[PDB]
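In case you want the letters, here they are:
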Amino acid sequence: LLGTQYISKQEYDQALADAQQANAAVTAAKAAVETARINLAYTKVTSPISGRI
Amino acid sequence: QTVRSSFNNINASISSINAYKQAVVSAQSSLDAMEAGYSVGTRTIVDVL
């Protein structure tokens, strides 16, 4: 939409803005998801080492 | 008068085209603005119409 200059470079700036931060929110999410899942990984206790129990 | 009548007309007449001729250009990309915006579907086709 910017090829033929049909928007505001300002505008496109704004669009990329969230599109930038959006994924970051995603990053905030996947980081989040792993967190609990990690805890669910904590649940189902893993032997932190190997050997005779 | 008539001498000055149209001689103005044509000139102002000239100004006419220059406006709309631009104005056409105005709508021109304006159309184009639509089609792309519709081409990408950011906008409807009705607008293009």
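## Some thoughts on the overall build of chain B
Tallying secondary structure elements over chain B gives 2 helices and 0 strands in all. C-alpha extents for chain B along the principal axes are approximately 55 × 15 × 5 Å. Among the 49 residues that make up chain B, the fraction classed as buried is 10%. Total accessible area on chain B is roughly 3,800 Å²; 60% of this is exposed by carbon and sulfur atoms.

## Considering the overall build of chain A
The secondary structure content of chain A amounts to 1 helix and 0 strands. In summary, chain A has a C-alpha radius of gyration of 22 Å against a globular reference of 10 Å for 53 residues, an excess of more than 25%. C-alpha atoms of chain A, sized along the principal axes, occupy 70 × 15 × 10 Å. Residues classed as buried in chain A amount to 0% of the 53 residues present. Total accessible area on chain A stands at roughly 4,800 Å², and carbon and sulfur atoms take up 61% of it. Across chain A, the 5 positively charged side chains and the 4 negatively charged ones have centroids separated by 23 Å.

## Concerning the pattern of salt bridges
Residues and elements named next belong to chain A. Under the criterion given, the structure shown has 1 salt bridge over all chains. Among the salt bridges present, the one from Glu34 reaches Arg37, with a minimum N-O distance of 3.9 Å. Here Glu34 and its partner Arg37 are both found in helix α1 (residues 9-42), 3 residues apart, which amounts to about one turn of the helix. For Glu34, a relative accessible area of 39% puts it in the partly exposed group. Classification of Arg37 by relative accessible area gives partly exposed; the value is 47%.

## A word on the environment of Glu35 of chain B
Residue and element names in this part refer to chain B. The topology assignment puts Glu35 in helix α1 (residues 2-39). For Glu35, a relative accessible area of 38% translates into the label partly exposed. Separated by 13 residues in sequence, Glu35 and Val48 place their C-alpha atoms 5.9 Å apart. Sequence-distant contacts of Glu35, defined by excluding residues within four places in its chain, comprise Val40 and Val48.

## Details of unusual backbone geometry
Residues and elements named next belong to chain A. We note that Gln5 has phi near 60 degrees; this positive angle belongs to a residue other than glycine. Relative to the helices and strands, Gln5 is located in the segment before α1. A positive phi angle, near 65 degrees, is found at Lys44, a position not held by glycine. Tracing the backbone through its elements, the reader meets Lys44 in the segment after α1.

## Let's talk about α1 of chain B
All names here are of chain B. Compared with an ideal rise of 1.5 Å per residue, which puts 38 residues at 56 Å, α1 spans 52 Å between its outermost C-alpha atoms and is within 8% of the ideal. The set of residues buried in α1 consists of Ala33, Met34, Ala36 and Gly37. Tucked into the core, α1 has its buried residues touching α2 (45-48). Taken from the residues just after α1, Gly41 is the one with a positive phi, measuring 70 degrees.

Criteria and thresholds
- Residues numbered from 1 in each chain as written, not as in the entry; some residues may be left out.
- Chains lettered and ligands numbered in written order.
- Part of a larger assembly, values for the part shown.
- Heavy atoms only, no water.
- Helix = DSSP H or I, 4+ residues; strand = E, 2+ residues; numbered from the N terminus.
- Buried < 20%, exposed > 50% of the residue type's maximum accessible area, 1.4 Å probe, protein only.
- Areas by Shrake-Rupley, 256 points an atom, 1.4 Å probe, with all protein chains shown as cover.
- Rg over C-alpha atoms; globule rule 2.2 N^0.38 Å.
- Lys, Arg positive; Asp, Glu negative; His and termini not counted.
- Charge placed at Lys NZ, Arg CZ, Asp CG, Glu CD.
- Salt bridge = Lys/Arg side-chain N within 4 Å of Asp/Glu carboxyl O.
- Contact = heavy atoms within 4.5 Å.
- Expected span 1.5 Å × (residues − 1).

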